[PDB]
Amino acid sequence: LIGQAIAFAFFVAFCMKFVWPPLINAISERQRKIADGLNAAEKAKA
Amino acid sequence: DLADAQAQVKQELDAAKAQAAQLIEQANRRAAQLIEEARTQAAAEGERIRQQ
């Protein structure tokens with residue numbers, strides 16, 4: 001019964017510790033998608 | 001390609017200005033020549049009028 005509660009509390013701390021990195025990794029890709037749009041805009045301007 | 005396009009834009013605007021100059025000078029010259037010849041012929045007319 002004690003192990004149940006320790007597993008509860010302790011898993012969450014690890015997730016919280018690992019939270020900033022996933023978001024950072026996720027943003028770093030959207031910029032690549034942005035470049036195609038910028039190129040399309042430049043073609044339209046041309 | 002966009003940089004090339006900008007260069008082309010200048011390459012067209014300059015020629016537009018040039019042809020503008022060409023046309024305007026041509027018109028000015030032609031008109032002056034016309035007024036010249038005109039009053040010369042009208043002067044012939046006036047002298048013949050006096051002779052009459």
# chains A, B, ... in the order shown; residues from 1 in each chain; ligands from 1
>>> interface_residues(of="chain B", to="chain A", cutoff="10 Å", atoms="only C-alpha atoms", output="list in words")
residues 1, 2, 3, 4, 5 and 6 of chain B
>>> write_last_selection(atoms="N, CA, C and O atoms", output="compact mmCIF listing (two decimals), in the first residue's frame")
# COMPACT_ATOMS: atom_id res chain seq x y z
N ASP B 1 16.09 33.74 -57.36
CA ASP B 1 15.22 34.21 -58.43
C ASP B 1 14.61 35.56 -58.09
O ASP B 1 14.45 36.41 -58.97
N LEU B 2 14.27 35.79 -56.82
CA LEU B 2 13.74 37.08 -56.40
C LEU B 2 14.78 38.18 -56.57
O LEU B 2 14.46 39.29 -57.01
N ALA B 3 16.03 37.90 -56.20
CA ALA B 3 17.09 38.88 -56.42
C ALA B 3 17.23 39.19 -57.91
O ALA B 3 17.35 40.36 -58.31
N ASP B 4 17.22 38.15 -58.74
CA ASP B 4 17.26 38.35 -60.18
C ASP B 4 16.10 39.21 -60.64
O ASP B 4 16.25 40.06 -61.52
N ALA B 5 14.92 38.98 -60.06
CA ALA B 5 13.74 39.75 -60.43
C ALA B 5 13.90 41.22 -60.09
O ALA B 5 13.51 42.09 -60.88
N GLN B 6 14.46 41.52 -58.92
CA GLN B 6 14.72 42.91 -58.57
C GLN B 6 15.66 43.56 -59.57
O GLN B 6 15.42 44.68 -60.06
